[PDB]
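These notes concern the structure reproduced below.
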Amino acid sequence: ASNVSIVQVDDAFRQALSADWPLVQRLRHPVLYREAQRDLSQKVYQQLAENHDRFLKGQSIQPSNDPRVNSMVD
Amino acid sequence: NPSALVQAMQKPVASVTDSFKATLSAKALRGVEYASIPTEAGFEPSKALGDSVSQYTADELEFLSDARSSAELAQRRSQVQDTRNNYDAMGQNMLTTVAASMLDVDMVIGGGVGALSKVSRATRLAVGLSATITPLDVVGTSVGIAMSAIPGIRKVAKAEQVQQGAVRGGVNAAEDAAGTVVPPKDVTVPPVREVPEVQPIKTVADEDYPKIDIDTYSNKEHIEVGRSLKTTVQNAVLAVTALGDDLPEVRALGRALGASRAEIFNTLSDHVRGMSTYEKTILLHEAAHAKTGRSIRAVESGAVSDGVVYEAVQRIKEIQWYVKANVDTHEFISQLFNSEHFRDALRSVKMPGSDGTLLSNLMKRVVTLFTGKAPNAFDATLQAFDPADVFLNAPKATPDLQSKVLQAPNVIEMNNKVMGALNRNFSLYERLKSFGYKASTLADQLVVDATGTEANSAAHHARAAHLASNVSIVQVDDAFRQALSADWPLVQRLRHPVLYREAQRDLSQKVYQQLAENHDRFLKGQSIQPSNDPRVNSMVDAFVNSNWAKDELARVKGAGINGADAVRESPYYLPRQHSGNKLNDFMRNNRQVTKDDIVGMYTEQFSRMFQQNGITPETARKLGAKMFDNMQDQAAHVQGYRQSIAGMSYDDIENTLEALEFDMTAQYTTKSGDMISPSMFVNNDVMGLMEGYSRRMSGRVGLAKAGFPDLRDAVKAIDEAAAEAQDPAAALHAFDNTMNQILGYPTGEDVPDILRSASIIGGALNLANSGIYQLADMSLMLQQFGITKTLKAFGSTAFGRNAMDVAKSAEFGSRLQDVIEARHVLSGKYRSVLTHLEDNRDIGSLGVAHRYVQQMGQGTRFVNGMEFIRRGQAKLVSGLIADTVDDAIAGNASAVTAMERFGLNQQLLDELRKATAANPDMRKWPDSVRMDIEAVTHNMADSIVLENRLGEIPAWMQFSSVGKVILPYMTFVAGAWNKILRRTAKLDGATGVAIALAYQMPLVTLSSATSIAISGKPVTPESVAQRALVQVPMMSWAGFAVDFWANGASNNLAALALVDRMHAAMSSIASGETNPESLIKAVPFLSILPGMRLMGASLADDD
Amino acid sequence: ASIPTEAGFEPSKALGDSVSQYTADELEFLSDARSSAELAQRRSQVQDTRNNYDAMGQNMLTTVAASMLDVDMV
Amino acid sequence: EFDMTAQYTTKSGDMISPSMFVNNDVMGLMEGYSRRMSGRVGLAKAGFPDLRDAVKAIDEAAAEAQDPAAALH
Amino acid sequence: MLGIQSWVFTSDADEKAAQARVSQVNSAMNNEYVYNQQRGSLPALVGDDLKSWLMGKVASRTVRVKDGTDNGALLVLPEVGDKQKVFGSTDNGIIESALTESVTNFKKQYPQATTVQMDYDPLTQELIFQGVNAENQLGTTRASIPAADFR
């Protein structure tokens, strides 16, 4: 049951870097390519901290100005 | 058939608003300027635009779809065009559009055409340009520029010089004429001398403007020269070689390096000329550290596998490893330069795998790095390896700040001092903790705004809860305004100010009465029926659909706040209270009724109510008398907590029994035969009854969630904490004052609501490297400009002299300070005057309203702004009266012979002097003489308003020395207003942010000047400007801009929503992320600077 | 997995008249497309799937063993 | 319970806080949670909602074989 | 349109001015293109047609101030809502003559400045002059003039 829903978020992470990193580029700069994932992970993790604490206290949620984060959260 | 299967198995298309997030997205902050336009029945904004919807950018449509009537749509379509025209000009330079996000008041406070779209475009532009070398620095510099332009001032000119200059135009501009009419054959000199018609005006550069620059090199490696001009290393080096004819032929090394950071010199072509030959070689020697830029790229995957450099890094790291066993890269490389015997150590060893000393092959690879030309120039560097004021500096923690009061030696003190100048609460939280340990634990539960934990103070929760209410109070406020939009055009309101006030009192009574019936009928299962007055139906409908009535009853039951289940619920609910004002006002006109009758009146009710409990007659009279003593205290605003701890603070019987059901129709008979009933003294207004309830219930809900659902232990926890400090008396007073502010009670001081400021505490280090300090420093220098100009303006005018001089005298400065601060008027004896003036007159009574209704744009921005000035002036007038009454009681004969002009006589004065001597406290006047001196003052209050309209000193007021400063004030301000409208002539947002400051700034200056003198220190412009900061920190200056933009319930939404947008960004910054979005959102106080420029510079212009 | 989603794409509206050349399960496999490129690639794979099984149809028994030996199917 | 923002000062003057050592990745934080909660839910439905008796039931079963050391392992 | 006088015999000084002015025009065109693209109002053209469109857009806002030295100076006026409120007239032949004193003073104060840029600040009703460098970089020199006296 869990994996049926973990996958839907995995496919969103892959699609967020499909552009800006074609297969040919990944083969040239292996080390730097890893940081492009660490940056998005940090951003999304931080964004999900705010919306939780605001939800728990009856306030309102607001979106971010980076188009990838909104899609990842959705 | 088959196509049915395809769509049956597809998934539903997403909504058309799920996309466009961060562009569409709070309507209250966008319709303030159109509030008072009546709604149109059956209007539909989509059906009215028709084909025209194809000429908008998907957010202009969002702003246009709010129209409720044709006129509103017509006005919105007009504003959308000015919004384009303004931004067309700013598009000429890309950087300026980045700074537009932080400096356009309409966009940062409210009312603009789209706010998210501009921010989400500025962030993308800032990221793009960096491909001033990182996205944060682009944001930081975009505002450093666009604010450093020295303004020009007007000055009087001699007519002859201007005409000479203008004549040299035309000529030099008519040589391009063809001259085919009246050829040169037919020209002659005229027999009279002409002269053009130019005006006598000059322009002169200002002298007091500061030289603002932003530091963007502290957090990066950089080179200092002569420890200003800022350039880059690859730019400086070339200049050295060109102007380097006195160098050993080293010059070739410089040329090679120049084809291979930030630099600062404490005109570039001449800076290097004023240097000795030795220094400018050390400049190249330190520039040889270019390896660092290349060592980093080979650690990160930037230089993926590029030969030469990739191999050189590997075979430098190998040598770095070798030296450990047998005898990071940055320290090794640095040691290669900054030492002598370290180099000597490597000479005494040969490599294990090739010829040459270990040192020799190490150098071979450095040349490959800082030149990049693969593997002859080794001799040059070898000889360059053999005291000057050039150094290579590693990143440092504390930036360079130009303001005097912010410099600190370490990072903790600097952080403490920066937050003090922004928010009021910080200096309060700091002062609470000095009372020992028990105070420290309790402080965290009341005022702090934690950034790293769930447990958060009571003020934070109260602030969060107080926004929900206002989201629904506003929808009813806009209905009241629309009910009188007809029958009262703006021109009529300005003629009949007094009568206009009754048109509201009538509707309030009607609606209040209507909501009483529908509640009692709903509670008994009957049916509701509408009324025959069309306004009442609309007002009631706007109230039911507002939906706040059930929301409040649901929220208050949350956390189980004491005896709240006893209340009963219905959509038409509305609380009940008595009013001490209606009692006094009725007892003033009628004097056949005395205190002896009201107490007897309440005795009859009390005796009948508790009959079943055997209430003895004496207790009936005691309760009757204690319903009058604590009713006068309600009108004078002298109440506070510790008297409503039994239950909630909205029941009139509990508050009477705690101090040791009414028929409302039973008729009592007085001594004189006049009949009386308790219904005449009930409160009637709606809005003033909704805001009071909401504000106190928000404060109670916020306090419960912090851990005190009942106040009984809240008191005990304070009494116990205070008995630890060396002076228990002060600590208890401080905590009592804080609690009164939180719960929403009148403390008697003139300060903004506690909920309007934040107390962010968190990580000092992360904030410093974000760059907020540099932006806070800039906004703090411009205060010097405005205050200096204000002091000069006082020094110039004749009225400014003797007015800046009374403030120094110890004989009068103290009283003027009290008159400005309104400390004798807000609570206590004299509040009757302020109550009478406040809610019994309109903007038409100012006089200045008539004189400017046509220059200023005749719109909402005029009426909305004039209320602020009304509420400013009333306090001054009341304070003047209060001062001149106490002076008369003191003994000043000249005042007594002016007091009697309005009805005093020996009998009143003797009794007043007797009463004041027995008790000097006098929280209220005695009942024996209340109704006479109260009427004497009210007669005076009316007269001054009529004679003083023009801004003049009445004949009978010539005795008062302090009055010579207050009465003529409004003429001084009118001068500044004229010069500003002679410069812009629009009255847009930037002009409002200037006019408000023009009115409000001088009072702060006078108060601060008075405060400094009494402390025995010299009063210089810098001293006054620094002392003003500990009264109105930066984030409170923005309060005035909001106060002049919106009025009433709409003010709270804007004022509160700025603070949370700041806390929510600084919390993310303190955690470890520094997205430029966060930096943009984290400085809302930076909006008022361009408005400050207009006011500050406009005070120097000649007339 | 790694193909970005297309805003407002609809697999039924893009096929149009072509939906009349499939066997009621190829349509099931084709209705999952979220963007034009994904549909183009699915339509390509469906053709190789026909070509492979055309050859195996020469003998009836071999199609029985295809159920247990085709990795893509099991 | 931890403040996560309060700043400590080391001997050398460098400042330090506990926020620097928190986990950040998402997927590696989702899979770990799901895998262990699935294992706990499965064990409960078999008759051991709490592990305290699960340990005891093992300690008692091992002391029957000829070599208790191996069975417990 | 560049304002150079010599058309038969030219020295290197004219070549340097022409080289600087070409880069100035290129920077102006780049700024115009960026501003148009951000608002989403670019036309459906490519290559030479787009180049001609941009050149025609820029050509209308060019003014050749006269005095100060040989070849005078070249400026590009900023875009404004309506010219009659700021400049006081819709004809460039009067603004060209009126800007002479300000340009001469600005060049006298800062001899090292080679080119001048002009910008408008609507908030304070102010006109700003600043020196510019190649590569779209900006210098440190700046000046300010109110609009009232210019009108």
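Ideal geometry is used to build each Cβ from the backbone, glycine not excepted, and the neighbour counts take in all protein chains shown. Throughout, read-outs are computed from the coordinates displayed, never taken from laboratory work.
Numerical summary
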| item | result |
| --- | --- |
| Cα-based shape type of the stretch B:92-223, given that a ≥ b ≥ c are square roots of the gyration tensor eigenvalues and the cut on a/c is 1.5 | prolate |
| Pairs from B:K118/B:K211; A:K57/B:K396; B:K220/B:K373; B:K789/E:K85; B:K404/B:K438 whose Cα-Cα separation, in the structure shown, is over 32 Å | A:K57/B:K396; B:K404/B:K438 |
| Angle in degrees between helix D:27-45 and the longest Cα principal axis of chain D, rounded to the nearest 10 | 30 degrees |
| 3J(HN,Hα) from dihedral phi, the stretch B:104-110, Karplus parametrisation 6.51/-1.76/1.60, rounded to Hz, x for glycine, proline | 8, 4, 4, 8, 9, 8, x |
| Residues E:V80, B:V182 arranged by fewest to most Cβ contacts within 10 Å | B:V182, E:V80 |
| The stretch B:416-474: chymotrypsin sites (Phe, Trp or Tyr not before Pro) in DSSP coil with no more than 13 other Cβ atoms inside 10 Å | B:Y437 |
| Charge sum, other residues only, whose C-beta stays under 15 Å from B:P954's C-beta, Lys/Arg counted +1 and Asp/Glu -1 | 0 |
| Gap separating the Cα centres of the stretch B:820-851 and the stretch B:717-751, nearest whole Å | 30 Å |
| Phi-based couplings in Hz for the stretch B:62-73 (Karplus 6.51, -1.76, 1.60; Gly and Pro marked x) | 4, 6, 8, 7, 8, 4, 10, 7, 4, 4, 4, 5 |
| Alpha carbon convex hull of chain C, projected area averaged over orientations, nm² | 6.0 nm² |
| Sequence-distant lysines (8 or more away, or on other chains) whose Cα lies within less than 17 Å of D:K56 | none |
| Residue-averaged [θ]222 nm for the protein assembly as shown, counting only DSSP H segments that reach four residues, each worth -39500 (n - 2.57) | -16500 deg cm²/dmol |
| Under 14 Å, Cβ to Cβ, from B:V1059 - net charge with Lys/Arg +1 and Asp/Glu -1 | +2 |
| Counted charge near B:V1030, where neighbours are those whose Cβ lies closer than 13 Å (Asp, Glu -1; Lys, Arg +1) | +3 |
| Built amide H within the under 5 Å cut-off of E:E126, gap 5+ | E:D121 |
| Rg and Dmax [Cα atoms of the protein assembly as shown; Å; Rg one decimal, Dmax integer] | 39.5, 141 |
| Contour minus Cα-Cα distance for B:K914 and B:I1014 (0.36 nm per residue) | 32.8 nm |
| All-pairs Cα distance distribution in the stretch B:788-890, expressed in whole percent, bin size 10 Å | 13, 31, 34, 20, 2 |
| Highest to lowest packing among B:229-238, A:48-57, scored as the average C-beta count within 10 Å | B:229-238, A:48-57 |
| In nm, spacing of pseudo-spin labels at B:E454 and B:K158 (7 Å Cα→C-beta vector) | 8.0 nm |
| Exposure proxy order (Cβ contacts within 10 Å, fewest to most) of B:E72, B:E197 | B:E197, B:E72 |
| The stretch B:24-180: projected area of the alpha-carbon convex hull, averaged over directions, in nm² | 18.2 nm² |
| Overall Cα dimensions of the stretch B:995-1053, principal axis frame, Å, largest first | 44, 19, 16 |
| Cross-link partners of B:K924 among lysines (Cα-Cα below 20 Å; sequence separation of 8 or more within a chain) | B:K582, B:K595, B:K626, B:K829, B:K875, B:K914 |
| Whichever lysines have a C-alpha closer than 17 Å to that of A:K43, once near sequence neighbours (fewer than 8 apart) are set aside | B:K1081 |
| Neighbour-count ranking [beta-carbon atoms within 10 angstrom, fewest first] of E:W7, E:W53, B:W488 | E:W7, B:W488, E:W53 |
| Reciprocal of mean inverse Cα separation for the stretch B:885-951 (Kirkwood radius, Å) | 13.1 Å |
| Other protein chain Cβ atoms within 10 Å, averaged over every residue that makes up B:301-308 | 3 |
| Residue-wise HN-Hα coupling along the stretch B:1056-1065, computed from phi with Karplus coefficients 6.51, -1.76, 1.60 (Hz; x: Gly, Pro) | 6, 5, 6, 5, 5, 5, 8, 4, 5, 8 |
| Bins of 5 Å, starting at 0 and running to the largest distance - Cα pair percent for the stretch B:449-591 | 1, 7, 12, 15, 15, 15, 13, 9, 6, 4, 2, 0, 0 |
| Sequence ranges B:339-349, B:833-843, ranked by mean other-Cβ count within 10 angstrom, highest first | B:833-843, B:339-349 |
| The stretch B:665-754: C-alpha gyration tensor shape, a/c 1.5 cut-off, then a/b vs b/c | prolate |
| Sequence-distant residues sharing a close amide H with E:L138 (under 5 Å, placed H) | E:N133 |
